[PDB]
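Here's the structure we're looking at; comments come further down.
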Amino acid sequence: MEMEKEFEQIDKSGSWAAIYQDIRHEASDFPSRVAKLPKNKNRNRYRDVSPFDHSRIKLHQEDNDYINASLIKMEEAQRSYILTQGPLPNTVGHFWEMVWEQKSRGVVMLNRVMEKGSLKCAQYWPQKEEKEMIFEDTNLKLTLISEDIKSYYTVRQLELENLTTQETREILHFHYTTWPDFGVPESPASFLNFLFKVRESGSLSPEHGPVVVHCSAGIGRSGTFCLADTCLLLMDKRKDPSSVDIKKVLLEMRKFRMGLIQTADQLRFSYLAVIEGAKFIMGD
Ligand SMILES: COC[C@H]1N(S(C)(=O)=O)[C@H]2CC[C@]1(O)CC2
C-alpha cells in the first residue's frame with residue numbers, strides 16, 4: 001500500500017502495536033559473540049543491545065578492537081551510517097578513535113547528557129574553547145572551535161588532532177536537544193529541519209566517511225533518523241515514489257543492527273516524518 005493512506009488505515013484501526021510486533025518477529029537474528037566476551041562488559045551500556053559480528057566497527061588496535069557500533073550500508077539509497085551507543089566513561093577515547101579511523105565528518109547526537117534524572121551518556125566533548133580534552137588511551141586531542149545554539153538544536157565546530165601524527169580535522173557536532181523525556185515529538189517539523197541541516201553540511205555525503213549517529217542505546221531515536229533519511233532519498237531516486245515501503249526499509253536496516261525503532265510510537269513517528277518530509281522536498 002501507499003504510505004499516507006496505510007497510515008490513516010492503521011490510525012483508524014488502532015493497530016500500531018500489532019504492526020510493530022510483526023516487524024519484531026520478522027527481524028534478523030545474527031551472532032554478537034565479540035560483544036558478549038567477558039573482557040568487553042564495561043564497553044556495553046545495556047546488556048540486551050549489542051552489535052552483530054558481521055557489521056560491527058573494528059578499532060584499529062591489536063589489544064582490543066571492540067566498540068558497541070554498527071555499519072548500516074544501504075545499497076539502493078547509496079548511503080551509509082554508523083550507529084553507536086552514547087559513550088561511557090571508559091569508552092570516550094574509543095569513540096573519537098572510531099571517528100578518526102572511519103574518516104567521519106559529522107556526529108549526530110539525539111539525547112541530552114541527563115534525562116529522567118539519570119546519566120544517558122558521558123560528557124564527551126569540551127564545553128569551553130580554552131578547556132580542551134586529551135584522551136590519553138588513544139592519543140587524541142579535541143578542541144571546541146565554535147558553538148551555535150538554536151531553539152531546537154545546537155551545532156558545534158570541533159578540532160580533532162591525532163597527537164601521533166599531528167594531523168588535524170574539522171568535525172561537526174549536530175545536537176538535537178529537544179526530544180521529550182517520554183514519548184515522541186508531537187510534530188516532526190523540528191526533527192525534519194534538523195535532518196536537513198545535517199544534509200546541508202556535507203556530513204552524509206560520499207566524499208566523507210559515514211556519519212556517526214547516537215542516542216543512549218543507539219537503536220531508537222538513532223533508528224528514526226536514518227530510517228527517515230533513507231526513505232526520503234529513495235522517494236527522490238525512484239520513478240514511482242509511492243513504491244517506497246517503510247516497513248521493508250526498516251527490516252533491511254535491522255540486518256545490520258538489532259532493535260532499530262524501540263516502540264510503536266517511534267514507528268508511527270517515523271511514518272509521520274517521511275510523509276511530511278516528502279511534501280516539502282517538492283517540489284513544494
Ligand atoms: C498507549 O499507546 C496506544 C498505541 N496506539 S495503537 C492503539 O495504535 O496501537 C496509538 C498509536 C501508538 C500507541 O502506542 C499510542 C496510540
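Chain labels run A, B, ... following the order of the C-alpha cells; each chain numbers its residues from 1, and ligands are numbered from 1 in the order shown.
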Which polymer residues have any atom within 10 Å of an atom of residue 19 (chain A), counting only C-alpha atoms, with same-chain residues fewer than 6 positions away left out, as number ranges by chain?
-> A: 10, 247, 264, 267
Within 12 Å of residue 17 (chain A), counting only C-alpha atoms, which residues qualify if same-chain residues fewer than 6 places away don't, as a ChimeraX atom specification?
-> /A:10-11,23-24,262-268
Would you mind telling me which residue in A:120, A:41, A:12, A:128 lies nearest to ligand 1 when using only C-alpha atoms and all ligand atoms?
->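 Using only C-alpha atoms and all ligand atoms, the shortest distance to ligand 1 belongs to A:12.
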Could you tell me, as JSON, numbers by chain, which residues of region 32-240 of chain A DSSP assigns to strand (DSSP E or B) when given the backbone?
-> {"A": [56, 57, 58, 66, 67, 68, 69, 70, 71, 72, 73, 74, 79, 80, 81, 82, 83, 84, 104, 106, 107, 108, 109, 114, 115, 118, 119, 133, 134, 135, 140, 141, 142, 143, 144, 145, 146, 147, 148, 149, 153, 154, 155, 156, 157, 158, 159, 160, 161, 162, 167, 168, 169, 170, 171, 172, 173, 174, 175, 176, 209, 211, 212, 213, 214]}
Name the residues of region 39-164 of chain A that come out as helix (DSSP H, G or I) in a backbone DSSP run; write them as a PyMOL selection string.
-> chain A and resi 39-43+53-55+92-101
N, CA, C and O atoms of the current selection, written as a PDB file, in the first residue's frame:
```pdb
ATOM      1  N   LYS A  39      35.735  -9.709  28.708  1.00  0.00           N
ATOM      2  CA  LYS A  39      36.591  -8.529  28.703  1.00  0.00           C
ATOM      3  C   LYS A  39      35.898  -7.286  28.151  1.00  0.00           C
ATOM      4  O   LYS A  39      36.456  -6.194  28.275  1.00  0.00           O
ATOM      5  N   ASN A  40      34.712  -7.416  27.555  1.00  0.00           N
ATOM      6  CA  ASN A  40      34.035  -6.265  26.962  1.00  0.00           C
ATOM      7  C   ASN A  40      32.830  -5.812  27.780  1.00  0.00           C
ATOM      8  O   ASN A  40      32.093  -4.925  27.343  1.00  0.00           O
ATOM      9  N   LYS A  41      32.635  -6.339  29.005  1.00  0.00           N
ATOM     10  CA  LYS A  41      31.432  -6.000  29.756  1.00  0.00           C
ATOM     11  C   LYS A  41      31.338  -4.501  30.025  1.00  0.00           C
ATOM     12  O   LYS A  41      30.252  -3.926  29.948  1.00  0.00           O
ATOM     13  N   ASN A  42      32.449  -3.850  30.360  1.00  0.00           N
ATOM     14  CA  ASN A  42      32.369  -2.421  30.658  1.00  0.00           C
ATOM     15  C   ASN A  42      32.456  -1.555  29.407  1.00  0.00           C
ATOM     16  O   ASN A  42      32.594  -0.334  29.526  1.00  0.00           O
ATOM     17  N   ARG A  43      32.345  -2.158  28.217  1.00  0.00           N
ATOM     18  CA  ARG A  43      32.247  -1.417  26.951  1.00  0.00           C
ATOM     19  C   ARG A  43      30.829  -1.376  26.406  1.00  0.00           C
ATOM     20  O   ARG A  43      30.588  -0.738  25.371  1.00  0.00           O
ATOM     21  N   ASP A  53      28.297  -9.395  14.918  1.00  0.00           N
ATOM     22  CA  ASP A  53      29.675  -9.599  14.482  1.00  0.00           C
ATOM     23  C   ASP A  53      29.912  -9.171  13.023  1.00  0.00           C
ATOM     24  O   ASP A  53      30.961  -8.600  12.694  1.00  0.00           O
ATOM     25  N   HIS A  54      28.968  -9.456  12.110  1.00  0.00           N
ATOM     26  CA  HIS A  54      29.265  -9.280  10.694  1.00  0.00           C
ATOM     27  C   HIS A  54      29.337  -7.806  10.275  1.00  0.00           C
ATOM     28  O   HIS A  54      29.971  -7.499   9.257  1.00  0.00           O
ATOM     29  N   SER A  55      28.736  -6.904  11.072  1.00  0.00           N
ATOM     30  CA  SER A  55      28.626  -5.490  10.709  1.00  0.00           C
ATOM     31  C   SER A  55      29.247  -4.565  11.758  1.00  0.00           C
ATOM     32  O   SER A  55      29.154  -3.325  11.616  1.00  0.00           O
ATOM     33  N   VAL A  92      35.063   6.886  25.952  1.00  0.00           N
ATOM     34  CA  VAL A  92      35.111   8.158  25.210  1.00  0.00           C
ATOM     35  C   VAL A  92      36.321   8.206  24.275  1.00  0.00           C
ATOM     36  O   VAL A  92      36.258   8.745  23.159  1.00  0.00           O
ATOM     37  N   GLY A  93      37.463   7.654  24.700  1.00  0.00           N
ATOM     38  CA  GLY A  93      38.620   7.616  23.821  1.00  0.00           C
ATOM     39  C   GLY A  93      38.429   6.696  22.624  1.00  0.00           C
ATOM     40  O   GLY A  93      38.834   7.030  21.519  1.00  0.00           O
ATOM     41  N   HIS A  94      37.781   5.536  22.842  1.00  0.00           N
ATOM     42  CA  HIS A  94      37.434   4.647  21.717  1.00  0.00           C
ATOM     43  C   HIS A  94      36.505   5.335  20.719  1.00  0.00           C
ATOM     44  O   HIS A  94      36.644   5.151  19.499  1.00  0.00           O
ATOM     45  N   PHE A  95      35.506   6.068  21.220  1.00  0.00           N
ATOM     46  CA  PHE A  95      34.562   6.791  20.361  1.00  0.00           C
ATOM     47  C   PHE A  95      35.278   7.730  19.365  1.00  0.00           C
ATOM     48  O   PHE A  95      34.991   7.725  18.162  1.00  0.00           O
ATOM     49  N   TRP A  96      36.199   8.577  19.861  1.00  0.00           N
ATOM     50  CA  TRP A  96      36.894   9.505  18.989  1.00  0.00           C
ATOM     51  C   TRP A  96      37.926   8.785  18.098  1.00  0.00           C
ATOM     52  O   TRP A  96      38.143   9.192  16.958  1.00  0.00           O
ATOM     53  N   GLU A  97      38.508   7.683  18.577  1.00  0.00           N
ATOM     54  CA  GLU A  97      39.348   6.838  17.725  1.00  0.00           C
ATOM     55  C   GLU A  97      38.560   6.352  16.504  1.00  0.00           C
ATOM     56  O   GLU A  97      39.062   6.395  15.375  1.00  0.00           O
ATOM     57  N   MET A  98      37.313   5.902  16.717  1.00  0.00           N
ATOM     58  CA  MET A  98      36.457   5.470  15.611  1.00  0.00           C
ATOM     59  C   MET A  98      36.166   6.608  14.634  1.00  0.00           C
ATOM     60  O   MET A  98      36.246   6.435  13.417  1.00  0.00           O
ATOM     61  N   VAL A  99      35.771   7.782  15.149  1.00  0.00           N
ATOM     62  CA  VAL A  99      35.519   8.937  14.284  1.00  0.00           C
ATOM     63  C   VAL A  99      36.733   9.209  13.388  1.00  0.00           C
ATOM     64  O   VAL A  99      36.600   9.416  12.174  1.00  0.00           O
ATOM     65  N   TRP A 100      37.926   9.173  13.977  1.00  0.00           N
ATOM     66  CA  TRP A 100      39.170   9.417  13.245  1.00  0.00           C
ATOM     67  C   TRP A 100      39.414   8.341  12.187  1.00  0.00           C
ATOM     68  O   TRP A 100      39.649   8.650  11.009  1.00  0.00           O
ATOM     69  N   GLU A 101      39.364   7.073  12.600  1.00  0.00           N
ATOM     70  CA  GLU A 101      39.745   5.971  11.709  1.00  0.00           C
ATOM     71  C   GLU A 101      38.757   5.779  10.570  1.00  0.00           C
ATOM     72  O   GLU A 101      39.161   5.375   9.469  1.00  0.00           O
TER      73      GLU A 101
END
```
Near residue 164 (chain A), within 9 Å and counting only C-alpha atoms, which residues show up once chain neighbours fewer than 3 positions away are dropped, as a PyMOL selection string?
-> chain A and resi 139-140+161+167
Which is closest to residue 110 (chain A) among A:3, A:204, A:217, A:77, if we use only C-alpha atoms?
->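 Nearest candidate to residue 110 (chain A) out of A:3, A:204, A:217, A:77: A:217.
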Contacts of residue 223 (chain A) at 6 Å or less, counting only C-alpha atoms, minus same-chain residues fewer than 3 places along, as a PyMOL selection string?
-> chain A and resi 219-220+226-227+260-261
Residues at most 7 Å from residue 211 (chain A), counting only C-alpha atoms, excluding those fewer than 3 positions away in the same chain, as a list in words?
-> residues 81, 82, 104, 105, 106, 107, 203 and 204 of chain A
Coordinates-based distance that separates CA of residue 162 (chain A) from CA of residue 174 (chain A) (Å, one decimal) =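 Rounded to one decimal, the two atoms are 21.7 Å apart.
Proximity of A:202, A:277, A:210, A:31 to residue 57 (chain A), computed with only C-alpha atoms, is greatest for A:210.
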Which is closest to ligand 1 among A:186, A:63, A:207, A:48, if we use only C-alpha atoms and all ligand atoms?
->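 Checking each candidate against ligand 1, we get A:186 as the closest.
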